[PDB]
Amino acid sequence: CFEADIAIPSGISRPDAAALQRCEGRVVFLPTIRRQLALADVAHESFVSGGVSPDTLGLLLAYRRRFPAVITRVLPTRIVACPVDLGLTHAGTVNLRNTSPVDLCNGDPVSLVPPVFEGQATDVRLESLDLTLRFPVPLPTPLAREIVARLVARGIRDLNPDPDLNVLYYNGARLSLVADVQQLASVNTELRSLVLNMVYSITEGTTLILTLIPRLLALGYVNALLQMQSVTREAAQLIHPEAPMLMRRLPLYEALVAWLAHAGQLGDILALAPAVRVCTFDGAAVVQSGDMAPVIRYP
Amino acid sequence: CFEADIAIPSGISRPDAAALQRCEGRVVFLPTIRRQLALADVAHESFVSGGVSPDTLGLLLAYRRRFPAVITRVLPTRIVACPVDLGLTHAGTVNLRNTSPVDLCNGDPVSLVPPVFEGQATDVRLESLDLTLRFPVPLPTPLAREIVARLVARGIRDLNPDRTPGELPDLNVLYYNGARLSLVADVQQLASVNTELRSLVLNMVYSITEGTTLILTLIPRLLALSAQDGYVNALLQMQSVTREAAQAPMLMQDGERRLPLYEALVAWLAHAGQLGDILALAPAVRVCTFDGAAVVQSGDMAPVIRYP
Amino acid sequence: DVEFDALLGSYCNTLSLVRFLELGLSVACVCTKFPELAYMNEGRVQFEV
Amino acid sequence: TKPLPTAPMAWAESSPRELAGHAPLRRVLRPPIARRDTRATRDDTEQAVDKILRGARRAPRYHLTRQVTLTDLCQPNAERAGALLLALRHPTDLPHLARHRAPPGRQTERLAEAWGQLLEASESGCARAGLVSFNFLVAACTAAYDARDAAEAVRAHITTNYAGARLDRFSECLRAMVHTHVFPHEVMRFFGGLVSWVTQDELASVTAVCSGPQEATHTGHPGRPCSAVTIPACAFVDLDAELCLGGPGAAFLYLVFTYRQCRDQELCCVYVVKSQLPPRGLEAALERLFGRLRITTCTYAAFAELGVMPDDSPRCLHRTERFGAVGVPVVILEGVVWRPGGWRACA
């Protein structure tokens, strides 16, 4: 499996040692696959980058840069977590813990940042050694992508506001997005930076094509084919946005470069590529929330 | 590991065989998934389309088609490379030799690129049997997507063709960390730039929906943040069309229960979000180092693991 | 202070094992070990009365 | 009985580093650091315990998924040794979603009536209904997609083994789904190869391969006293065999749903493509070969990659297998490795 053994620090309180015992089956992101790693390297205090604790975007960056490893056995003075990325595909079944929706017999769980749901719920603080652990939520890819996009949209409405995105019907019972209270104010403040990169990359994408199409096809097969299948779609959207907006090949091309990059950087952050699949056997076939679920390395 | 053997033909001069000895860890594109193959199917002479060598946007389209294979070992009469697009199933992590001015870090997805820098060494001429080998340059996808954008736009702006005076912006020069990186500006071919332009134009259209207009309402609101936050200030690049685009709902809501915002995101995210991938070849590998060395120097061997 | 914590015993049951050949029900059947029904498709009995 | 050329068979007719591994490491003591200066029944029980011996003396080309479902849809017995089973997920959204993602001018009530109607045609308790067979799709869309009676021969197979109602009800569901922008994909992902069903009454426990090669499974002539094994496309109607022009490479196997959006009134086409192209090249060749782009949105096909057939040649086409009285063009695919893949259709 290639186990990597995280070293618990010096003496921890008895209630903290029982906090870790309950963390078996939880996903950890380990910065390097070194066999011997510290606990502080894994703890959420190690996600600090710009001097701040990362937002939901800063997290999703890190989740794409380090290695998630499921916790297999927690031992006093060691945590044994087996990285998801290493070894052959479809092997090393290690048990997960389900959080929220069911995780049916397949569907490739994505580990998405915690704040998307009850924020501090899952912080799991350890006071004795003064560190904390935020475990990502294991959701299926279709639902994980539906949610993360669902919340960004809510964020956009919230950006300037004067049909509920929140109610979600998954499987047997309607799922709930909103925890009401100020959790939304905490959820919305962390998606704040993800919403903007989304708003920007759209507004910067349209205006950049809406300027380019009329500032191209006017200088062959480009022209004909373009306007051909774009009838009442691109051109109509051109007149309508240019109606409620303003209108340079040299800044155009140099902005088309900087956008094209920033765009694909968001497609990478977003799309929450699945870490694992569920393939069960002699098992329930649906893993009820909070129950260990079999799981295998590639989708 | 479904390794594909590649037979060295006849005898390539002891100096040529010494050149292949150091090509282990480099990448090959094979035009099939095979068990028996000829050395000449891999050579740059095979990249030649009818009568013509593809340009450096033509190669990306050729590396789009066929399969990247990283050479594992080279024997006297065969070359062993396991086709990453398929046979990536190894317990541990095939070695990729970093050939680039760049440096991998840890976790960087690695997408390949035709050789494209101002100072470069990708010739490897083998005189005994007429053939050559251009090895692609591995590169982090953030950087490899910045390059493709540079080559695309350079082939495009030239194509307008910019009316405006003869002094255009750079677009030929990058920076990765420090280290100015000067791309090779040499030829652009109609067909190679067309498809790259065709699919660029095509996808940026499909990313525009009804709900998109709801977002375009927010441009004046963005520039309100341009100026009262230090972030969001940084977000808007100085050369931002959006900034020039501000220099609205339109009613028309079809029964009110569709959720066009959400649907507009999904639509944009698919087509426009995935442009590095469609314009260029997406990463299939990411650096991982077991020994805990956290970078890969240029010229070193990067332990590499399956897709990001 | 000397205060100890005692364990005052450890008990366990033997799980017993029942044969089925030392029962009444075993008269109701003619049991036989056909180790090869597994490779078999159909099986039959003639009965001419 | 022994050769002339001995070195080639000692390896053929059939480690020491692990032996040498424990030798320096384990044999060494107190390292490191250094100081200066009862005929048959009895036989069976013993063998089971022993089997636990050898299998516990040691320790990956196979994966089995197992699930319990009903025989309403699907049905393992009708099917055989090599078959595609597709999962079906969450009947709960009888178009609940139809509320959203359904464009205006759409009576999103179609699914709830089409689908709830399907249930009336064929409650929740002991089990649920998952596992749609490949077969059952070929018949449901048989009259829909392009070839008839090679396609309808499959439909005759299911009506006589697996009900024309359910086929018709399920076809009405496929029409209603393709209607309202909830597709047959984003439902029905690939499940496996159908190793062994173990059914009871209305119940079935289906073992099937999550991934790995098929031919290496229960094997035998046939699995259990049934017939042989194969991944037979089941249609000379399906098994669209690409690579009209080709060179040796591992053939590949994909799963494609083709649709009609008022050109034919929400057509459902379901078939398999076999050619050597890595998914980044299949989207291109799917753009060609297809005129189904009728807007008459623009989302014509959706595809996922099932796996490899790491040999080009086994593509037998046989209109020759009986799943009861009915006979079907059957194409036999010799050797297959299953890579589940993911569903990609953006356009």
# chains A, B, ... in the order shown; residues from 1 in each chain; ligands from 1
$ select_by_dssp --residues "region 175-217 of chain B" --states "helix (DSSP H, G or I)" --output "VMD selection string"
chain B and resid 190 to 206 210 to 216
$ closest_atom_pairs --of "chain D" --to "chain C" --cutoff "7 Å" --atoms "only C-alpha atoms" --output "tab-separated table"
residue	atom	partner	partner_atom	distance
D:40	CA	C:33	CA	6.5
D:41	CA	C:33	CA	6.3
D:225	CA	C:41	CA	5.9
$ write_last_selection --atoms "N, CA and C atoms" --output "mmCIF file, in the first residue's frame"
data_model
loop_
_atom_site.group_PDB
_atom_site.id
_atom_site.type_symbol
_atom_site.label_atom_id
_atom_site.label_comp_id
_atom_site.auth_asym_id
_atom_site.auth_seq_id
_atom_site.Cartn_x
_atom_site.Cartn_y
_atom_site.Cartn_z
ATOM 1 N N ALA D 40 -14.914 -38.692 1.882
ATOM 2 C CA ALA D 40 -15.107 -37.411 1.195
ATOM 3 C C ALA D 40 -15.373 -36.150 2.013
ATOM 4 N N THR D 41 -16.255 -36.222 3.008
ATOM 5 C CA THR D 41 -16.590 -35.040 3.818
ATOM 6 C C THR D 41 -15.383 -34.555 4.610
ATOM 7 N N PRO D 225 -22.479 -24.704 -15.287
ATOM 8 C CA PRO D 225 -22.920 -25.414 -16.503
ATOM 9 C C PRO D 225 -23.894 -24.646 -17.432
#
$ interface_residues --of "chain A" --to "chain B" --cutoff "7 Å" --atoms "only C-alpha atoms" --output "PyMOL selection string"
chain A and resi 32-34+65-66+86-89+149-150+153+163+199+203-204+207-209+216+219+234+244-247+250-251+253-255+257+260-261+263-264+266-267
$ interface_residues --of "chain B" --to "chain D" --cutoff "6 Å" --atoms "only C-alpha atoms" --output "PyMOL selection string"
chain B and resi 32-34+258
$ write_last_selection --atoms "C-alpha atoms" --output "compact mmCIF listing (two decimals), in the first residue's frame"
# COMPACT_ATOMS: atom_id res chain seq x y z
CA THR B 32 -0.25 2.96 -32.20
CA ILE B 33 -0.26 0.75 -29.15
CA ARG B 34 2.10 -2.04 -30.14
CA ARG B 258 -34.35 27.09 -14.54
$ interface_residues --of "chain A" --to "chain D" --cutoff "7 Å" --atoms "only C-alpha atoms" --output "number ranges by chain"
A: 91, 171-172, 279-282, 285, 299
$ select_by_dssp --residues "region 156-271 of chain B" --states "strand (DSSP E or B)" --output "list in words"
residues 173, 174, 175, 180, 181, 182 and 183 of chain B
$ write_last_selection --atoms "N, CA and C atoms" --output "compact mmCIF listing (two decimals), in the first residue's frame"
# COMPACT_ATOMS: atom_id res chain seq x y z
N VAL B 173 7.97 35.90 -25.10
CA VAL B 173 8.81 35.85 -23.91
C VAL B 173 7.95 35.59 -22.69
N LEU B 174 8.42 34.72 -21.81
CA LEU B 174 7.73 34.35 -20.58
C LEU B 174 8.62 34.66 -19.38
N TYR B 175 8.11 34.35 -18.20
CA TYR B 175 8.90 34.23 -16.99
C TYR B 175 8.36 33.08 -16.18
N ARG B 180 13.80 34.76 -17.48
CA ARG B 180 13.15 35.03 -18.75
C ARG B 180 13.28 33.84 -19.69
N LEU B 181 12.16 33.42 -20.27
CA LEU B 181 12.13 32.29 -21.18
C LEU B 181 11.68 32.80 -22.54
N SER B 182 12.54 32.69 -23.54
CA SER B 182 12.27 33.24 -24.85
C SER B 182 11.85 32.11 -25.78
N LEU B 183 10.60 32.15 -26.22
CA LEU B 183 10.10 31.14 -27.13
C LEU B 183 10.74 31.29 -28.50
$ residues_around --residues "residue 28 (chain A)" --least-positions-apart "4" --cutoff "8 Å" --atoms "only C-alpha atoms" --output "ChimeraX atom specification"
/A:42,67-71,81,135-136
$ atom_distance --atom1 "CA of residue 258 (chain A)" --atom2 "CA of residue 186 (chain B)"
22.1 Å
$ residues_around --residues "residue 116 (chain B)" --least-positions-apart "5" --cutoff "8 Å" --atoms "only C-alpha atoms" --output "ChimeraX atom specification"
/B:56,137,183-184
$ residues_around --residues "region 127-136 of chain D" --least-positions-apart "3" --cutoff "6 Å" --atoms "only C-alpha atoms" --output "PDB file with C-alpha atoms, in the first residue's frame"
ATOM      1  CA  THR D  69     -31.083  -6.275  -7.392  1.00  0.00           C
ATOM      2  CA  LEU D  70     -34.421  -7.391  -8.790  1.00  0.00           C
ATOM      3  CA  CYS D  74     -31.823  -6.452 -16.282  1.00  0.00           C
ATOM      4  CA  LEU D  84     -22.241  -5.582 -20.144  1.00  0.00           C
ATOM      5  CA  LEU D  85     -24.263  -4.575 -17.106  1.00  0.00           C
ATOM      6  CA  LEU D  86     -24.944  -0.918 -16.641  1.00  0.00           C
ATOM      7  CA  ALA D  87     -25.883   0.562 -13.355  1.00  0.00           C
ATOM      8  CA  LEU D  88     -28.982   2.775 -12.990  1.00  0.00           C
ATOM      9  CA  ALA D 139     -34.112  -3.792 -27.445  1.00  0.00           C
TER      10      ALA D 139
END
$ decode --residues "region 113-214 of chain D" --atoms "C-alpha atoms" --output "PDB file, in the first residue's frame"
ATOM      1  CA  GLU D 113     -45.679  10.307 -15.446  1.00  0.00           C
ATOM      2  CA  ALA D 114     -43.544   8.253 -17.849  1.00  0.00           C
ATOM      3  CA  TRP D 115     -41.397   6.839 -15.013  1.00  0.00           C
ATOM      4  CA  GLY D 116     -43.999   6.447 -12.209  1.00  0.00           C
ATOM      5  CA  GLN D 117     -46.021   4.789 -14.918  1.00  0.00           C
ATOM      6  CA  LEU D 118     -43.058   2.431 -15.420  1.00  0.00           C
ATOM      7  CA  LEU D 119     -43.264   1.473 -11.789  1.00  0.00           C
ATOM      8  CA  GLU D 120     -47.001   0.822 -12.035  1.00  0.00           C
ATOM      9  CA  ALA D 121     -46.160  -1.273 -15.123  1.00  0.00           C
ATOM     10  CA  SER D 122     -43.567  -3.432 -13.375  1.00  0.00           C
ATOM     11  CA  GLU D 123     -42.456   0.227  -3.437  1.00  0.00           C
ATOM     12  CA  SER D 124     -39.138   0.008  -1.599  1.00  0.00           C
ATOM     13  CA  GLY D 125     -38.133  -2.690   0.866  1.00  0.00           C
ATOM     14  CA  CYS D 126     -35.872  -5.738   0.776  1.00  0.00           C
ATOM     15  CA  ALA D 127     -34.136  -4.637  -2.405  1.00  0.00           C
ATOM     16  CA  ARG D 128     -33.991  -1.950  -5.103  1.00  0.00           C
ATOM     17  CA  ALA D 129     -33.735  -2.205  -8.890  1.00  0.00           C
ATOM     18  CA  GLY D 130     -30.288  -1.281 -10.307  1.00  0.00           C
ATOM     19  CA  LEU D 131     -28.280  -3.051 -12.954  1.00  0.00           C
ATOM     20  CA  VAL D 132     -29.648  -2.494 -16.433  1.00  0.00           C
ATOM     21  CA  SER D 133     -28.222  -5.068 -18.861  1.00  0.00           C
ATOM     22  CA  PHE D 134     -26.664  -4.081 -22.167  1.00  0.00           C
ATOM     23  CA  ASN D 135     -29.179  -6.278 -23.904  1.00  0.00           C
ATOM     24  CA  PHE D 136     -32.182  -4.492 -22.409  1.00  0.00           C
ATOM     25  CA  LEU D 137     -31.033  -1.194 -23.886  1.00  0.00           C
ATOM     26  CA  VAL D 138     -30.503  -2.627 -27.367  1.00  0.00           C
ATOM     27  CA  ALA D 139     -34.112  -3.792 -27.445  1.00  0.00           C
ATOM     28  CA  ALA D 140     -35.583  -0.660 -25.872  1.00  0.00           C
ATOM     29  CA  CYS D 141     -33.929   1.542 -28.518  1.00  0.00           C
ATOM     30  CA  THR D 142     -34.046  -1.151 -31.222  1.00  0.00           C
ATOM     31  CA  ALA D 143     -36.883   0.451 -33.165  1.00  0.00           C
ATOM     32  CA  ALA D 144     -35.407   3.844 -32.277  1.00  0.00           C
ATOM     33  CA  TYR D 145     -31.846   3.527 -33.617  1.00  0.00           C
ATOM     34  CA  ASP D 146     -30.999   2.762 -37.287  1.00  0.00           C
ATOM     35  CA  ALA D 147     -30.951  -1.016 -38.082  1.00  0.00           C
ATOM     36  CA  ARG D 148     -34.228  -2.918 -37.760  1.00  0.00           C
ATOM     37  CA  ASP D 149     -34.721  -6.721 -37.314  1.00  0.00           C
ATOM     38  CA  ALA D 150     -31.044  -7.355 -36.669  1.00  0.00           C
ATOM     39  CA  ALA D 151     -31.903  -4.969 -33.891  1.00  0.00           C
ATOM     40  CA  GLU D 152     -35.389  -6.426 -33.445  1.00  0.00           C
ATOM     41  CA  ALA D 153     -33.862  -9.905 -33.201  1.00  0.00           C
ATOM     42  CA  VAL D 154     -32.410  -8.686 -29.913  1.00  0.00           C
ATOM     43  CA  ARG D 155     -35.869  -7.410 -28.998  1.00  0.00           C
ATOM     44  CA  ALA D 156     -37.296 -10.869 -29.666  1.00  0.00           C
ATOM     45  CA  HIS D 157     -34.611 -12.210 -27.321  1.00  0.00           C
ATOM     46  CA  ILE D 158     -35.716 -10.110 -24.366  1.00  0.00           C
ATOM     47  CA  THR D 159     -39.483 -10.454 -24.755  1.00  0.00           C
ATOM     48  CA  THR D 160     -39.109 -14.245 -24.692  1.00  0.00           C
ATOM     49  CA  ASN D 161     -36.600 -14.468 -21.825  1.00  0.00           C
ATOM     50  CA  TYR D 162     -36.286 -11.410 -19.571  1.00  0.00           C
ATOM     51  CA  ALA D 163     -41.931  -8.252 -21.065  1.00  0.00           C
ATOM     52  CA  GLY D 164     -42.626  -5.971 -23.999  1.00  0.00           C
ATOM     53  CA  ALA D 165     -44.398  -3.685 -21.537  1.00  0.00           C
ATOM     54  CA  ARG D 166     -41.240  -2.973 -19.535  1.00  0.00           C
ATOM     55  CA  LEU D 167     -39.345  -2.521 -22.806  1.00  0.00           C
ATOM     56  CA  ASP D 168     -42.056  -0.123 -23.945  1.00  0.00           C
ATOM     57  CA  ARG D 169     -42.303   1.558 -20.549  1.00  0.00           C
ATOM     58  CA  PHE D 170     -38.527   1.862 -20.375  1.00  0.00           C
ATOM     59  CA  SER D 171     -38.477   3.164 -23.952  1.00  0.00           C
ATOM     60  CA  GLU D 172     -41.025   5.796 -22.938  1.00  0.00           C
ATOM     61  CA  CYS D 173     -38.649   6.687 -20.103  1.00  0.00           C
ATOM     62  CA  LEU D 174     -35.686   7.011 -22.467  1.00  0.00           C
ATOM     63  CA  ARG D 175     -37.776   9.253 -24.704  1.00  0.00           C
ATOM     64  CA  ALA D 176     -38.884  11.278 -21.687  1.00  0.00           C
ATOM     65  CA  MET D 177     -35.334  11.489 -20.344  1.00  0.00           C
ATOM     66  CA  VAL D 178     -33.723  12.573 -23.622  1.00  0.00           C
ATOM     67  CA  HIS D 179     -36.635  15.002 -23.815  1.00  0.00           C
ATOM     68  CA  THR D 180     -36.015  16.953 -20.592  1.00  0.00           C
ATOM     69  CA  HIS D 181     -32.198  17.253 -20.510  1.00  0.00           C
ATOM     70  CA  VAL D 182     -31.721  14.501 -17.998  1.00  0.00           C
ATOM     71  CA  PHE D 183     -29.950  12.047 -20.242  1.00  0.00           C
ATOM     72  CA  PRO D 184     -29.610   8.266 -20.164  1.00  0.00           C
ATOM     73  CA  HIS D 185     -26.045   8.848 -19.234  1.00  0.00           C
ATOM     74  CA  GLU D 186     -25.820  10.893 -16.024  1.00  0.00           C
ATOM     75  CA  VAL D 187     -27.654   7.707 -15.234  1.00  0.00           C
ATOM     76  CA  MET D 188     -26.546   4.176 -16.247  1.00  0.00           C
ATOM     77  CA  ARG D 189     -22.787   3.994 -15.648  1.00  0.00           C
ATOM     78  CA  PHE D 190     -20.861   0.793 -16.437  1.00  0.00           C
ATOM     79  CA  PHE D 191     -20.933  -1.905 -13.831  1.00  0.00           C
ATOM     80  CA  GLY D 192     -19.015  -4.967 -15.066  1.00  0.00           C
ATOM     81  CA  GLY D 193     -18.968  -8.302 -16.958  1.00  0.00           C
ATOM     82  CA  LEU D 194     -21.462 -10.557 -15.135  1.00  0.00           C
ATOM     83  CA  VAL D 195     -19.498 -13.376 -13.492  1.00  0.00           C
ATOM     84  CA  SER D 196     -22.222 -15.093 -11.564  1.00  0.00           C
ATOM     85  CA  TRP D 197     -25.788 -14.107 -10.703  1.00  0.00           C
ATOM     86  CA  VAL D 198     -27.058 -16.393  -7.882  1.00  0.00           C
ATOM     87  CA  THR D 199     -30.793 -15.498  -8.190  1.00  0.00           C
ATOM     88  CA  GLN D 200     -33.782 -16.354  -6.010  1.00  0.00           C
ATOM     89  CA  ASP D 201     -37.361 -15.697  -6.989  1.00  0.00           C
ATOM     90  CA  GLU D 202     -37.509 -11.957  -7.877  1.00  0.00           C
ATOM     91  CA  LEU D 203     -34.060 -11.376  -6.379  1.00  0.00           C
ATOM     92  CA  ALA D 204     -30.598 -11.627  -7.831  1.00  0.00           C
ATOM     93  CA  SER D 205     -27.159 -11.230  -6.419  1.00  0.00           C
ATOM     94  CA  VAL D 206     -25.002 -10.354  -9.294  1.00  0.00           C
ATOM     95  CA  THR D 207     -21.318 -10.751  -9.184  1.00  0.00           C
ATOM     96  CA  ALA D 208     -19.558  -8.855 -11.970  1.00  0.00           C
ATOM     97  CA  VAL D 209     -16.085  -7.524 -12.687  1.00  0.00           C
ATOM     98  CA  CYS D 210     -15.351  -3.957 -11.554  1.00  0.00           C
ATOM     99  CA  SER D 211     -12.275  -4.118 -13.792  1.00  0.00           C
ATOM    100  CA  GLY D 212      -9.561  -6.422 -15.051  1.00  0.00           C
ATOM    101  CA  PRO D 213      -9.639  -9.034 -17.798  1.00  0.00           C
ATOM    102  CA  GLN D 214     -12.785 -11.035 -18.461  1.00  0.00           C
TER     103      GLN D 214
END
